[PDB]
Every structure is written in structure tokens, then in C-alpha cells.
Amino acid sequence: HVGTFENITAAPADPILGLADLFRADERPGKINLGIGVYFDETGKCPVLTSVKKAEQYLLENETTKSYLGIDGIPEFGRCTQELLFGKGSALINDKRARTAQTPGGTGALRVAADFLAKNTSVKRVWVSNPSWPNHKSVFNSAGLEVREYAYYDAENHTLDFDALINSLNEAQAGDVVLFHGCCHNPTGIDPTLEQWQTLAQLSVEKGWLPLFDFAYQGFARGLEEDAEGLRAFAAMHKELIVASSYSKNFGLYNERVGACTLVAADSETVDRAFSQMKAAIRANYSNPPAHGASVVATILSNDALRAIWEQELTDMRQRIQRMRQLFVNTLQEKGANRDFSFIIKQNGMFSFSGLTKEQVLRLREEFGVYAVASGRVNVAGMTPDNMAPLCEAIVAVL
């Protein structure tokens, strides 16, 4: 017989996760990794947080079973997630308008939302910022949804092009999904102001969009509560929305796959009805979610002494990044860059859109062992005081 796999075409490598493979194989001792969005500390390692290690030790000594969780995961994980997103006293919570499923990462939450929408509603299109996280298109296309781009980044001025964004979104119809990053836009690090978020919320209800928030960096811009201001302005006005959140980065729990998909509807009866179909879509995907990482999150957020350790550890990560942004810009000028890079200071989170071309990024890898994403996205949290000078010498050499 002819053979079912014989004619499969090879898939291109992932623009982000393929870099990990390339970086590992490189034998040069000076190689520098500015690709994948993980946090590195001052010594260039990706550590386990102290709050996490303490929680894991608690679990090891007190866990008595690994029996299946429910489809939607650990209840306390869901309650804690809704408080973080919407705030302790939220009317969305008092009115029982929100339901949360624990998922395997924020990616898993994005795919669950996508499958749920494609199979149970009339949604056909998802609007994504230009640029955005490259895996957004893959997730939504895989669920059967069309992806369209709205304008976002002004590459000449290194700023948000708000007029262009609104103009391009006038083409989105009622019942379309519009995706927003909650904070720390990936890859640009340029977020709307509160005033701009409020304008968008007002426009969103007027046009009948279904907001979907990808919230992977709560805490990395200004603070836990501050970073949720944009989402909360939407939640005050909308009958329906979806949040896909991740604890991969703000807890350093990347490989344990800890996220949540939160559904909001006009009332309790409607959200419970919708969530019954979200559960069915989960059952048909991975059945039920992995306990270890979510148990760690729920243990920390439920315990006042552990939470305070964690919040300080998150503030320390945010502030180290801020220090590297400033050090990066100053060192570029000292190494002979005659370009202005001060826009890097105005960007939030791990990632800076550096303005380097694909050919420059390729030279950095091949000639200098400096690994960045082909789009010019650099992970500022990969920078350390020890690698800053060789990094900047390399960038100046390709300008």
C-alpha cells in the first residue's frame, strides 16, 4: 500500500522555540541567548523562585493522592485567578458572571477558548495586532478561525499608532473576536494608556466585539493591580469577554504549564451554560489539567506569608529588567552606536523591538553567537552586567 505518512511535508521550525535548539548546539562559550521569553537572573540562570520551592516542599509532605482533578481543575486556583484579574470586590464575582478553567499554560487557555468559540458560536474571525506573538495565528487557525490584523506599531516613531489602530478596527464586525494583550505587549512592549484602554472599551461595546485578553505578563509592567487596569475597564462595560492568562512567567513555572481560561457572560445562567461546553471541549483535548504547577500557585496565593515572598520576588524581576533597559541604552552609546535607542526605556516587560533587520539578526547569530528572534525582538531579561558589553559590541558591529 501507498503509505499514509510518505508524502507529508516537513514543517518549518518555530521562530521562537527553534532558537532554543540552535542555541544549544552552538559550541562557542560566549554565546548569548536573547530569544525565548524566560527570566534570567544576574548570573544568567533561570532559577526556581524561593516561594515556589517552599510550596513544592509543602506539597511533597502533605499530598496524599494524585486522583484526577475535575475538568476545570482546582477550585481555589480558579477563585484566586478571578480575584487577581478583577479585584477582590468585583461585581463580576459577586454576580457569579465568571467561570474559570485551569488549563495547561496560557497557550492551552488560548486553544480552549478557540475550540469553544469555533464549535459553539457563530464566530468566524479573530483580530490580532500587527505585530503580535507569532503563535497567536497558529492557535486560532488550528481551531478553524480566520485571523485578521489590525494596525498597532508605528515603526518609525517606536510608538503606538492609535489613530491607525482605530481606523483599521472599523472593519471588524459585530460578533468578531478582538484580541488584546493585557499588558507588556509581545513583542513591542508598547501598551495603551488607561485613557486609550477606556476609549477602546467604549468603542468595543458600541461595535459589538467580543474581547479576548491574552494576559501573560501580569505584574511585569507596573504592578499586579495596575497591570489589570485595562482589563478591568473592559469588564465594567461588557456583557461578555474571555481572558486567557498565564502563570508561566510571573511565577517562573514555565514547564509545569499553569494558566487559566476565564469566561464572562451577562448572567450566571448564561455563563454556566456556556462553560458546560467549555468543559466538553477540554475533555476532548487533554481531559483534565496538570495538578503540580496549579497547586503551587494556589498554595502561594492562599497563604499570606508565601504570597508576600512571591510578590517581592516578582517586584525584583520587574526591577532587574528596568535596570537592564537603562544599562543597555547607556552601553550602546559607549560602544559607538550613533543611533538613538532611548525608545527602549519607554517599553514595558521583557521584550524590546530593537529595529534590527532580519539580516542584522542573522549576522549577530552567525558571527557573534548572539541569539535574537528574526523580527528583532530581544529579551532584555536575558541581559546581565557580565554579558552587556559583548552584546553591545556585537550590535554596534552590525549597524
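The first residue of the sequence shown is number 1, and the count goes up from there.
When the mean C-alpha temperature factors of 109 to 117 and 85 to 93 are read from the deposited coordinates, 85 to 93 comes out higher. Per-stretch averaging of Cα B factors for 307 to 315 and 252 to 260 places 307 to 315 on top. The entry lists C-alpha B-factors for 281, 329, 190, 194, and the highest of these is at 194. Across the residues 183, 74, 165, 242, the deposited record lists the maximum Cα B factor for 165. Sort the chain's modelled residues by C-alpha temperature factor and residue 247 lands in the lowest third, per the entry.
The PDB entry assigns residue 198 a C-alpha temperature factor belonging to the highest third of its chain's modelled residues. Among the modelled residues of its chain, residue 11 has a C-alpha B-factor that falls in the middle third, as given in the PDB entry. The PDB entry assigns residue 33 a C-alpha temperature factor belonging to the lowest third of its chain's modelled residues.
Split the chain's modelled residues into thirds by C-alpha temperature factor. Residue 382 is in the middle one.
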